[PDB]
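What follows is one chain in structure tokens, specifically the form deposited in one PDB entry.
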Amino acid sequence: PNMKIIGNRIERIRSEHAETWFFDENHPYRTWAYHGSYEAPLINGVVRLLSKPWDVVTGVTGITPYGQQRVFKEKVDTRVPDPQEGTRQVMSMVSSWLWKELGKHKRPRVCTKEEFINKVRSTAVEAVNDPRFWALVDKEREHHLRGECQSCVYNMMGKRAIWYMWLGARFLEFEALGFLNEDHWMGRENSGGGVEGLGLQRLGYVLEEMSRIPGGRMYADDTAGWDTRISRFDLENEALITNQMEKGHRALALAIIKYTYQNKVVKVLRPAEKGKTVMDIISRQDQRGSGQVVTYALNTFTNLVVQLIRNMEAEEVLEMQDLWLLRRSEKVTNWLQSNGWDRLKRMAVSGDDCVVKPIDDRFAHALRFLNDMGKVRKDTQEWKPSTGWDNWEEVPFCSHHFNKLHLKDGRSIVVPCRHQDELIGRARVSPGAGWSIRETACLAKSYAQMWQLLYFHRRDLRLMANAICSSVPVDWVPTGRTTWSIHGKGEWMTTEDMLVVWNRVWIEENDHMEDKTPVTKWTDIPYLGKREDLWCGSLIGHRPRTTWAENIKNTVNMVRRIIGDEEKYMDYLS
């Protein structure tokens, strides 16, 4: 461990728990440095009541110190092996080229306290309105400008692993690197292959556009445990963005990168004897600390780099000898300057997910650089060629597939779809304990309106959404977080009529809809074919679902009585 960079944080934690601090020789950490330990100490009722048939669907009901330790042994206690020197030379060249393209029409900048407060306002609200929080933030920034870090420490939670950091550390990351998100550096117009800021209502059109580019099949390979495969070399290559920063901003960003990305200090819970719990203090110099302000943007960047490299190997620009040491590097510069933009426009990359439309199917067996970079494909033998898709409507991307549907008048739209159990299961989860009827119903309304905008083509979701919206007062504003996906843009977070929002999103503002004729009734908005709806998890035709549909108005009346019969309600079912 680099005690010169993490030592201050470990010593600070040790001094805060000095009387219970101890070194456990029987700790379970294999690839993380261990420093010591100390002693340490959910249903949305509205959605549940309106989704009775799914109480026995394991796909729905399925989705702590023991939990944190399980994710360590199953996923995070691993070390990605170093790529060879030539592979590292290619990764650095491609990353340098890509940063220069992304920065051609954009300038890095510091993000402000005002920008952060505005994003928070959408107990974090209490902290941003307290001057003592900003004083703690200022003390840590002063340490950073002096080459020190005292409190940027992760808190592991898990259940993929989720790494939490105190709001002030997240502010310092946002100040230095938030411009990647706020100024849309990974937007498609700026990056060619990125899709940041496109909603699920548009991603399908990107895949359809890619299908028309001449080339091989569409490949959408997943890397097994992407965040654990981000190496110290990937982090150094991502850090090249600091070369485009002015000196003051550069100092802030280098502190975030060096002290919190390239060196990390984490707190993890672990069960101990007699039902007691300990907190372990560990560290490491690689992996992506999933949950950072710029995890998505940096994962998108590095996945773009990986896919450009796999295309160069497929096109026989890179040879086997180049893994050991890159020979004739001008060939890589030429390929990037000549073909890089064309190959970026042949990709759709969102964090660790990608779809590539290579110039031919040599991409399927171009595995040497991919495997040497440790970006090993999930659910496939390491050296077996990839299998691509001939039909863009079957390609998985961002946990969805995309289907062309036809409106009653002959026009077509391209909609997002996924297996329905995950959609209902997520809506049935309420975040945090102590949620009242007002907060629970507003969050149920947000899921229901999101379904009306994006998944209206699924029979069960259109009906369940109409039942939820009929059970929650119409003047209640949808609240909470409907998804963690950057592609759920929140047009459904409104009291504007969802048929109006549907028309704005799918017709008026949809650049892929040439005819702007409005759709004036929900009965003119299509469903998937019954067999497609069933393939993706519908319960149509299943007796408990038929009973639920026939009883739905009774169920809505029951919920209205619970919330209060005096509220303003709208009948969305008739």
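Residue indices: 1-based, along the sequence shown. Rigid core here is just the name for the largest C-alpha set that superposes within 1.5 Å across the two forms.
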Original post:
in 4 other deposited structures of this protein, superposed on the rigid core, which stretch sits farther off in Cα RMS terms, 76 to 84 or 194 to 202?
Top reply: 76 to 84
Subject >> Core-aligned Cα RMS comparison in 4 other deposited structures of this protein - stretch that moves more, 319 to 327 or 445 to 453 >> reply: 319 to 327
Original post:
Checking the other PDB entries with both flanking residues built, is residue 529 absent in a third or more?
Top reply: no
**OP:** For residue 26, record whether it is unmodelled in at least a third of the other compared entries of this protein.
**Re:** no
Original post:
Taking residue 63 and residue 64 as adjacent modelled residues, how many residues of the deposited sequence between them have no coordinates (none, 1 to 3, 4 to 9, 10 or more)?
Top reply: 4 to 9
**OP:** Going by the record, give me the number of deposited-sequence residues missing between residue 159 and residue 160 as none, 1 to 3, 4 to 9, or 10 or more.
**Re:** 10 or more
Original post:
Do the C-alpha atoms of 298 to 306 or of 74 to 82 have the higher average B factor in the entry?
Top reply: 74 to 82
Original post:
Between 480 to 488 and 335 to 343, which has the higher average C-alpha B-factor in the PDB entry?
Top reply: 480 to 488
**OP:** Could you say which of 146, 229, 406, 365 has its CA atom at the highest B factor, as listed in the PDB entry?
**Re:** 146
Subject >> Residue with highest C-alpha B-factor in the PDB entry, from 287, 260, 190, 412 >> reply: 260
**OP:** Looking at the entry's B-factor column for C-alpha atoms only, identify whether residue 435 ranks in the lowest, middle or highest third of its chain.
**Re:** highest
Original post:
Based on the entry's values, in what third of the chain does the Cα temperature factor of residue 456 lie: lowest, middle or highest?
Top reply: lowest
Subject >> B-factor third for the C-alpha atom of residue 39 within its chain >> reply: highest
Original post:
If you rank the chain by CA B-factor, which third does residue 271 end up in: lowest, middle or highest?
Top reply: highest
Original post:
In terms of the chain's CA B-factor thirds, is residue 387 lowest, middle or highest?
Top reply: middle
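A second form of this protein, the form solved in complex with a small molecule, is not displayed here; the remarks below concern that form.
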Subject >> Contacting member of 211, 494, 485, 339, with respect to the small molecule in the deposited bound form [4.5 Å, heavy atom] >> reply: 485
**OP:** Report the residue, out of 413, 71, 398, 207, that has at least one non-hydrogen atom within 4.5 angstroms of the small molecule in the deposited bound form.
**Re:** 398
Original post:
Of the listed stretches (449 to 457, 222 to 230, 370 to 378, 87 to 95), which one has a non-hydrogen atom within 4.5 Å of the small molecule in the deposited bound form?
Top reply: 449 to 457
Subject >> All of 200, 418 and 426 with a heavy atom within 4.5 Å of the small molecule in the deposited bound form >> reply: yes
